[PDB]
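Trainee: Chains as they are written, first to last, in the entry's author numbering: chain A, 1 to 72; chain C, 1 to 72; chain B, 3 to 177; chain D, 3 to 177.
This is the structure, below, for whatever I ask next.
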Amino acid sequence: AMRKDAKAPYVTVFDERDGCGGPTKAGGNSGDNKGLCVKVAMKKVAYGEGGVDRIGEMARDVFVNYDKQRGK
Amino acid sequence: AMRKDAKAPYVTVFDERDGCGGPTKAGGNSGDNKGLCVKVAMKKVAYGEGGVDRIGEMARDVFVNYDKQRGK
Amino acid sequence: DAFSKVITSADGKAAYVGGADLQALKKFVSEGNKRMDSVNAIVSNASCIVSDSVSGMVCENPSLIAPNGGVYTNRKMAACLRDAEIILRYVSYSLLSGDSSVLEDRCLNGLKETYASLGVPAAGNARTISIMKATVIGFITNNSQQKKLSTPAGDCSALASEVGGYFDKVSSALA
Amino acid sequence: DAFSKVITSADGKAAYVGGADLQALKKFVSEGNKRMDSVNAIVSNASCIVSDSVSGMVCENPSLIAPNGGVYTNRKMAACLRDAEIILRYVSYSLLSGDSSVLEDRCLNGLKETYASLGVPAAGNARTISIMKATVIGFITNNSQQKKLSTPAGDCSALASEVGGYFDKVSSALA
Ligand SMILES: *CCC1=C(C)C(=O)N/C1=C\c1[nH]c(/C=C2\N=C(C[C@H]3NC(=O)C([C@H](*)C)=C3C)C(C)=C2CCC(=O)O)c(CCC(=O)O)c1C
Ligand SMILES: *CCC1=C(C)C(=O)N/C1=C\c1[nH]c(/C=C2\N=C(C[C@H]3NC(=O)C([C@H](*)C)=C3C)C(C)=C2CCC(=O)O)c(CCC(=O)O)c1C
Ligand SMILES: *[C@@H](C)[C@H]1/C(=C/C2=NC(=C\c3[nH]c(C[C@H]4NC(=O)C(C=C)=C4C)c(C)c3CCC(=O)O)/C(CCC(=O)O)=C2C)NC(=O)[C@@H]1C
Ligand SMILES: *[C@@H](C)[C@H]1/C(=C/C2=NC(=C\c3[nH]c(C[C@H]4NC(=O)C(C=C)=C4C)c(C)c3CCC(=O)O)/C(CCC(=O)O)=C2C)NC(=O)[C@@H]1C
Ligand SMILES: *[C@@H](C)[C@H]1/C(=C/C2=NC(=C\c3[nH]c(C[C@H]4NC(=O)C(C=C)=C4C)c(C)c3CCC(=O)O)/C(CCC(=O)O)=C2C)NC(=O)[C@@H]1C
Ligand SMILES: *[C@@H](C)[C@H]1/C(=C/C2=NC(=C\c3[nH]c(C[C@H]4NC(=O)C(C=C)=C4C)c(C)c3CCC(=O)O)/C(CCC(=O)O)=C2C)NC(=O)[C@@H]1C
Ligand SMILES: *[C@H](C)[C@H]1/C(=C/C2=NC(=C\c3[nH]c(C[C@H]4NC(=O)C(C=C)=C4C)c(C)c3CCC(=O)O)/C(CCC(=O)O)=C2C)NC(=O)[C@@H]1C
Ligand SMILES: *[C@H](C)[C@H]1/C(=C/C2=NC(=C\c3[nH]c(C[C@H]4NC(=O)C(C=C)=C4C)c(C)c3CCC(=O)O)/C(CCC(=O)O)=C2C)NC(=O)[C@@H]1C
Numbered sequence: 001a002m003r004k005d006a007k008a009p010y011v012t013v014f015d016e017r018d019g020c021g022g023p024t025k026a027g028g029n030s031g032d033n034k035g036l037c038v039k040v041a042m043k044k045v046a047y048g049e050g051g052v053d054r055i056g057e058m059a060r061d062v063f064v065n066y067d068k069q070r071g072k
Numbered sequence: 001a002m003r004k005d006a007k008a009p010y011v012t013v014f015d016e017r018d019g020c021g022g023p024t025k026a027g028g029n030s031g032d033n034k035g036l037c038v039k040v041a042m043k044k045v046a047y048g049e050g051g052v053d054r055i056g057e058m059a060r061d062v063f064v065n066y067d068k069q070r071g072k
Numbered sequence: 003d004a005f006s007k008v009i010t011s012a013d014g015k016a017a018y019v020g021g022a023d024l025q026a027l028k029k030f031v032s033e034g035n036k037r038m039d040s041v042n043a044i045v046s047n048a049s050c051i052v053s054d055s056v057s058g059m060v061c062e063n064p065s066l067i068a069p070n071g072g073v074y075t076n077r078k079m080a081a082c083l084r085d086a087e088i089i090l091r092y093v094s095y096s097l098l099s100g101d102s103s104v105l106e107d108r109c110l111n112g113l114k115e116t117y118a119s120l121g122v123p124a125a126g127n128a129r130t131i132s133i134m135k136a137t138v139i140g141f142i143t144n145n146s147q148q149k150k151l152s153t154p155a156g157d158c159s160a161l162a163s164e165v166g167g168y169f170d171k172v173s174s175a176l177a
Numbered sequence: 003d004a005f006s007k008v009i010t011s012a013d014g015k016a017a018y019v020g021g022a023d024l025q026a027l028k029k030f031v032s033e034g035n036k037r038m039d040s041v042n043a044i045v046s047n048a049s050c051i052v053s054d055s056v057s058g059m060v061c062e063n064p065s066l067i068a069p070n071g072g073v074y075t076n077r078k079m080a081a082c083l084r085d086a087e088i089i090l091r092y093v094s095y096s097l098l099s100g101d102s103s104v105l106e107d108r109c110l111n112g113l114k115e116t117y118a119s120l121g122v123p124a125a126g127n128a129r130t131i132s133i134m135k136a137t138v139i140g141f142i143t144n145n146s147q148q149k150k151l152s153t154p155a156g157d158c159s160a161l162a163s164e165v166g167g168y169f170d171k172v173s174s175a176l177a
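Here it is, written out as structure tokens:
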């Protein structure tokens with residue numbers, strides 16, 4: 001059921017075939033898919049973290065800029 | 001001198017006068033200064049952190065979208 | 003499978019698949035490479051997609067930010083932006099995995115009833131969802147006008163239709 | 003003050019100012035409230051400001067991303083975006099503190115020589131800096147067409163001129 005836990009699957013897709021690698025987190029790094037990795041974590045979607053008020057800044061923006069269209 | 005360690009002053013200006021407060025880190029969230037705070041740290045400007053490739057994503061965007069003008 | 007276990011584990015600690023494990027994983031879903039690019043098109047633009055969608059809900063119905071509107075205060079606006087992101091992330095996982103079972107079970111089952119209990123307006127939710135659907139289809143098909151994505155030349159129409167169906171499951175559950 | 007000691011401390015760990023201490027901080031600089039709003043305009047929009055500036059450099063000279071180009075690889079483009087952010091952040095601290103001593107000492111002293119040794123081109127830096135200056139001034143002066151700031155109506159012209167002078171110090175040091 002929807003558990004009211006605000007948890008959601010965070011999927012991150014990495015393509016580092018340019019050669020600038022991030023932290024090693026998976027053991028398979030050789031062959032055709034060298035440089036490619038997918039991560040999934042199941043965690044709370046928080047308003048902010050690490051001192052960074054991510055969603056609060058987005059909220060401030062809506063109130064003042066909802067009349068703007070960032071898609072064009 | 002410039003130390004070649006990529007450390008810069010991170011200044012964060014908080015205005016939470018809407019009433020939804022973040023974590024308390026100093027006295028004074030009361031009276032005429034309700035909701036206002038300034039933070040400064042001196043730390044490396046990293047390419048990413050916490051698994052989020054912040055500057056790598058910005059670089060990908062430039063390669064494809066340098067002909068776009070996000071200011072209009 | 004590695005990822006299914008993340009959904010059900012006690013702490014949701016991240017799992018990672020690269021190289022030969024990822025090659026194997028892509029064999030179990032259709033159009034594996036394009037599918038990864040389609041998922042990336044969602045998650046790498048999560049803030050943009052949520053912002054534009056909630057902003058369009060408000061611009062079409064500014065009473066939502068009038069006093070006693072659904073998102074009048076910053077606290078409520080942020081909760082709404084959060085929920086839109088939660089939904090979007092469950093949709094992204096549906097596209098990664100090729101089905102909607104986790105979305106249905108852990109995001110949708112009980113959600114309409116919770117929103118009724120809270121007084122969260124269904125019309126506003128429907129519009130945030132329909133804009134998120136349109137925005138995601140735009141990014142997947144590289145028809146996003148301010149932010150294109152680099153991918154090998156081709157056609158992602160089938161994956162766009164698939165993701166649209168997952169958004170349609172959200173709409174139908176919340177209507 | 004306490005923020006000066008953060009700059010010079012061995013570990014740079016954060017300090018915070020609120021309440022009466024924030025009232026005192028604002029007295030010792032001119033136009034304290036508008037100044038805090040101006041610093042906020044810079045740091046809250048740091049990704050946008052840096053992105054538009056470096057993108058402007060590239061669109062005025064697309065050879066920079068072709069093979070044999072100075073930001074051709076992702077690694078180099080990211081180093082350039084990082085450097086633009088470092089400079090912007092030293093400028094933000096100059097506007098917070100009311101002077102440029104830390105910018106000149108810890109960011110600019112030695113930087114022209116370092117870029118010469120690395121082959122970081124002065125003309126590209128000049129354009130990135132000039133766009134960043136114009137962008138920051140635009141944000142501070144209600145000339146940001148895709149992002150309005152919430153501030154009481156009024157005249158921030160002096161603060162825009164001040165921050166312009168800090169950018170001019172960067173330009174002159176790197177020319
Ligand atoms: C995140 C960017 C942004 C938002 C959001 C917003 O509301 N304003 C924003 C940016 C902004 N940019 C400028 C000025 C300039 N930006 C550029 C680069 C773009 N022009 C291009 O030709 C190019 C590639 C094709 C770009 C990328 C340039 C060149 C300028 C002008 C600099 C100058 O010498 O004057 C501003 C300042 C206000 C303005 O509109 O000029 C702002 C706020
Ligand atoms: C971060 C946003 C973004 C970037 C960057 C980009 O390149 N594309 C982006 C978003 C995007 N939006 C849509 C479609 C819609 N967006 C809205 C909301 C805005 N329209 C308004 O009237 C309004 C208030 C002023 C907005 C805010 C709407 C309503 C839609 C269409 C919904 C529908 O039923 O059709 C897309 C899809 C592709 C396109 O450009 O049309 C994208 C990619
Ligand atoms: C309510 C849930 C809001 C929301 C607020 C958030 N604020 C966050 C970070 C933050 N806020 C302050 C200012 C506050 N603390 C003080 O001590 C004083 C005055 C003395 C004030 C005005 C600070 C200092 C911080 C950073 C904390 C730090 O340095 O670690 C924040 C991020 C929380 C976190 O990172 O853990 C949030 C979510 N955000 C929202 O979306 C709603 C509207
Ligand atoms: C080089 C400096 C680049 C850049 C790279 C970054 N990648 C970041 C995070 C990241 N990258 C991967 C994929 C990589 N790890 C693997 O094990 C495999 C395959 C087996 C690959 C292809 C992952 C998994 C991660 C997340 C790490 C995590 O979950 O903690 C990253 C953020 C670093 C961090 O969060 O500490 C960066 C900066 N970024 C750039 O700007 C240049 C171009
Ligand atoms: C719709 C989404 C796009 C479109 C996508 C295409 N991608 C194609 C090939 C391709 N993409 C990747 C990267 C992808 N695979 C992964 O495992 C991960 C990270 C974990 C990512 C980000 C790869 C490796 C490939 C194979 C070829 C290559 O190396 O470049 C592709 C070609 C057809 C196909 O391979 O099925 C397409 C069409 N292309 C578009 O034009 C729309 C907008
Ligand atoms: C140019 C930068 C803008 C402009 C800004 C104005 N701000 C004015 C007054 C004001 N701003 C704040 C918030 C500020 N002070 C803090 O301590 C902090 C956080 C630590 C911040 C974010 C306050 C508290 C005030 C006093 C008024 C109030 O109580 O809201 C202002 C009025 C003139 C003045 O007080 O000096 C202006 C013009 N306005 C513009 O049109 C440009 C775009
Ligand atoms: C945005 C398009 C909406 C809007 C959304 C609001 N949701 C509010 C609170 C809320 N949302 C949920 C569901 C969320 N939690 C989960 O665990 C999951 C899935 C795993 C989801 C999608 C819950 C359980 C809650 C209540 C508990 C909480 O706040 O975390 C909310 C605040 C309501 C209030 O406090 O009155 C809002 C504003 N509101 C709108 O008007 C648009 C249509
Ligand atoms: C962007 C507008 C430029 C551009 C910038 C590049 N800088 C590169 C390496 C680099 N930058 C610095 C200065 C930086 N480190 C600091 O500690 C401070 C201030 C405290 C700053 C401003 C250093 C010391 C270095 C080398 C060490 C490092 O990488 O951290 C760089 C990579 C060059 C290379 O590796 O060959 C670039 C691309 N490049 C351009 O084309 C535009 C004009």
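Ideal placement from N, C-alpha and C gives every residue a C-beta, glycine not left out.
According to the neighbour-count rule (16 or more other Cβ atoms, all chains shown, within 10 Å of its Cβ), is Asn42/B buried or exposed?
Mentor: If you number the third sequence from 1, residue 42/B lands on position 40. Looking at its Cβ environment, which holds 16 or more other Cβ atoms inside 10 Å, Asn42/B is buried.
Trainee: Based on Cα-Cα distance, which residue from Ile89/D, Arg91/D, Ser152/D, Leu176/D lies nearest to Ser119/D?
Mentor: Within the fourth sequence, residue 119/D is the residue found at index 117, counting from 1. Here the closest residue by C-alpha is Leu176/D.
Trainee: Examine ligand 5 and report whether any of its heavy atoms sits within less than 8 Å of the Cβ of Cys20/C.
Mentor: What you label residue 20/C is simply residue 20 of the second sequence in a count that begins at 1. Result no, Cβ not under 8 Å from ligand 5.
Trainee: Can you tell me which of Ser30/C, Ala6/C, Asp5/C puts its alpha carbon nearest to the alpha carbon of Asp15/C?
Mentor: Start at 1 with the first residue of the second sequence, and residue 15/C comes out as number 15. If we check each option's Cα against that of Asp15/C, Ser30/C comes out closest.
Trainee: According to DSSP, is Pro9/A helix, strand or coil?
Mentor: Position 9 of the first sequence, counting from 1, holds the residue named residue 9/A. Here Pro9/A sits in strand by DSSP.
Trainee: Start and end of the beta strand (DSSP E) containing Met42/A?
Mentor: In the first sequence, counting from the first residue as 1, residue 42/A sits at position 42. Note, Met42/A: beta strand (DSSP E), 36-44.
Trainee: Three-state secondary structure (DSSP) at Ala17/D?
Mentor: Numbered from 1 along the fourth sequence, position 15 holds the residue referred to as residue 17/D. Three-state DSSP puts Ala17/D in a strand.
Trainee: Thinking C-alpha only, which one of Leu161/B, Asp54/B, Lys135/B, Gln148/B is nearest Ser99/B?
Mentor: Counting from 1 along the third sequence, the entry for residue 99/B is found at position 97. With distances taken between Cα atoms, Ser99/B lies closest to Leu161/B.
Trainee: Between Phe169/B and ligand 4, is the CB less than 8 Å from at least one heavy atom?
Mentor: To locate residue 169/B, count along the third sequence from 1; it is residue 167. Flag unset: Cβ of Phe169/B not near ligand 4.
Trainee: Along the stretch 52-67 of chain B, what residues have a CB closer than 9 Å to any CB found in chain A?
Mentor: Cβ contacts with chain A: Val52, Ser53, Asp54, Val56, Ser57, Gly58, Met59, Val60, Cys61, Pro64, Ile67.
Trainee: When you compare the CB of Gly56/A with every CB in chain C, is at least one pair closer than 9 Å?
Mentor: Here the question's residue 56/A lines up with position 56 in the first sequence. For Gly56/A, the answer is yes, since a Cβ of chain C falls inside 9 Å of its Cβ.
Trainee: Which same chain residues, not among the five before or five after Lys7/C, have their C-beta less than 8 Å away from its C-beta?
Mentor: Stepping through the second sequence from its first residue, residue 7/C is reached at position 7. Cβ neighbours of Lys7/C beyond the five flanking positions: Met42, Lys43, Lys44, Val45.
Trainee: Using three-state DSSP, classify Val64/A as helix, strand or coil.
Mentor: Working through the first sequence from its first residue, we reach residue 64/A at position 64. Helix.
Trainee: Within 8 Å: the Cβ of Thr12/C and any heavy atom of ligand 3?
Mentor: Working through the second sequence from its first residue, we reach residue 12/C at position 12. Correct: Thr12/C has its Cβ closer than 8 Å to ligand 3.
Trainee: Which same chain residues end up closer than 7 Å to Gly166/B when comparing Cβ atoms and leaving out the 5 residues on each side of it in sequence?
Mentor: In the third sequence, the residue the question calls residue 166/B occupies position 164. Counting only Cβ-Cβ distances below 7 Å, and skipping sequence neighbours, we find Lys135, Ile139.
Trainee: For ligand 7, I want to know if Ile9/B counts as a neighbour, meaning its beta carbon is within less than 8 Å of at least one of the ligand's heavy atoms.
Mentor: Along the third sequence, read from residue 1 onward, the residue named residue 9/B stands at position 7. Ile9/B Cβ: outside cutoff for every heavy atom of ligand 7.
Trainee: Between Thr137/D and ligand 1, is there a pair consisting of the residue's CB and a ligand heavy atom that are separated by less than 8 Å?
Mentor: The count along the fourth sequence starts at 1 and reaches residue 137/D at position 135. For ligand 1, at least one heavy atom lies less than 8 Å from the Cβ of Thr137/D.
Trainee: Does the distance from the CB of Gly28/C to the CB of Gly56/A come in under 9 Å?
Mentor: Residue 28/C sits at position 28 when you count from the first residue of the second sequence. Residue 56/A sits at position 56 when you count from the first residue of the first sequence. No.
Trainee: Determine the extent of the alpha helix (DSSP H) in which residue 178/B is found, giving its start and end residues.
Mentor: Missing from the structure shown is residue 178/B; chain B here goes from 3 to 177 and no further.
Trainee: How about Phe63/A: is its Cβ closer than 8 Å to a heavy atom in ligand 1?
Mentor: Taking the first residue of the first sequence as position 1, residue 63/A is located at position 63. Checking every heavy atom of ligand 1 against the Cβ of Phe63/A, none is found closer than 8 Å.
Trainee: If you drop the 5 nearest sequence neighbours on each side, which residues of the same chain put their C-beta closer than 8 Å to that of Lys150/B?
Mentor: If you number the third sequence from 1, residue 150/B lands on position 148. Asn144, listed in sequence order.
Trainee: Put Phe30/D into one of helix, strand or coil per three-state DSSP.
Mentor: The residue given as residue 30/D occupies position 28 in the fourth sequence. Three-state result, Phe30/D: coil.
Trainee: Comparing the CB of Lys7/C with every heavy atom of ligand 6, is any distance shorter than 8 Å?
Mentor: Translated into the one-based positions of the second sequence, residue 7/C becomes position 7. Outside the cutoff, so no.
Trainee: Are any of the Cβ atoms in chain A nearer than 9 Å to that of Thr24/C?
Mentor: If you number the second sequence from 1, residue 24/C lands on position 24. Taking Cβ atoms only, chain A never reaches closer than 9 Å to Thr24/C, which makes this a no.
Trainee: Inspect the CB distances between the stretch 75-89 of chain D and the stretch 53-64 of chain D and report whether three or more fall short of 8 Å.
Mentor: Contact between the stretch 75-89 of chain D and the stretch 53-64 of chain D is present, because at least three Cβ pairs lie under 8 Å.
Trainee: What residues from chain D crowd round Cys20/C, counting only those whose CB sits closer than 8 Å?
Mentor: In the second sequence, counting from the first residue as 1, residue 20/C sits at position 20. Those do not exist, as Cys20/C stays about 15 Å from chain D at its closest Cβ, beyond 8 Å.
Trainee: Using a C-beta to C-beta distance shorter than 7 Å, which residues of chain D count as neighbours of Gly27/C?
Mentor: Translated into positions along the second sequence, residue 27/C becomes position 27. Those are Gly20, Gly21, listed as they occur along chain D.
Trainee: Is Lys149/D near ligand 6, judged by its Cβ being under 8 Å from some heavy atom?
Mentor: For the purposes of this step, residue 149/D is taken as the residue at position 147 of the fourth sequence. The answer is no for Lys149/D.
Trainee: Just to confirm before moving on: does the CB-CB distance between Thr153/B and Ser146/B stay below 9 Å?
Mentor: In the third sequence, residue 153/B corresponds to position 151, counting from 1. In the third sequence, residue 146/B corresponds to position 144, counting from 1. Contact flag unset, no.
Trainee: By the three-class DSSP mapping on this structure, what secondary structure does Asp32/C have?
Mentor: The sequence position of residue 32/C within the second sequence is 32, counting from 1. It is helical.
Trainee: Are there three or more Cβ pairs, one per stretch, closer than 8 Å when the stretch 75-82 of chain B is compared with the stretch 57-70 of chain A?
Mentor: Cβ pair count under 8 Å is three or more, so yes.
Trainee: Given the structure, does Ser94/B come close to ligand 2, in the sense that its CB is under 8 Å from one of the ligand's heavy atoms?
Mentor: By one-based count along the third sequence, residue 94/B stands at place 92. Not so, every heavy atom of ligand 2 lies at least 8 Å from the Cβ.
Trainee: Spell out whether any CB of chain C is found under 9 Å from the CB atom of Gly35/A.
Mentor: Mapped onto the first sequence, residue 35/A falls at position 35. No, its Cβ sits nowhere closer than 9 Å to a Cβ of chain C.
Trainee: Mind checking if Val52/C is an interface residue toward chain D, Cβ cutoff 9 Å exclusive?
Mentor: Here residue 52/C is taken as the residue at index 52 of the second sequence, counted from 1. No, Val52/C does not count as interfacial toward chain D.
Trainee: At a cut of 8 Å, does the stretch 59-66 of chain D reach the stretch 97-117 of chain D through at least three beta carbon pairs?
Mentor: The stretch 59-66 of chain D is not in contact with the stretch 97-117 of chain D.
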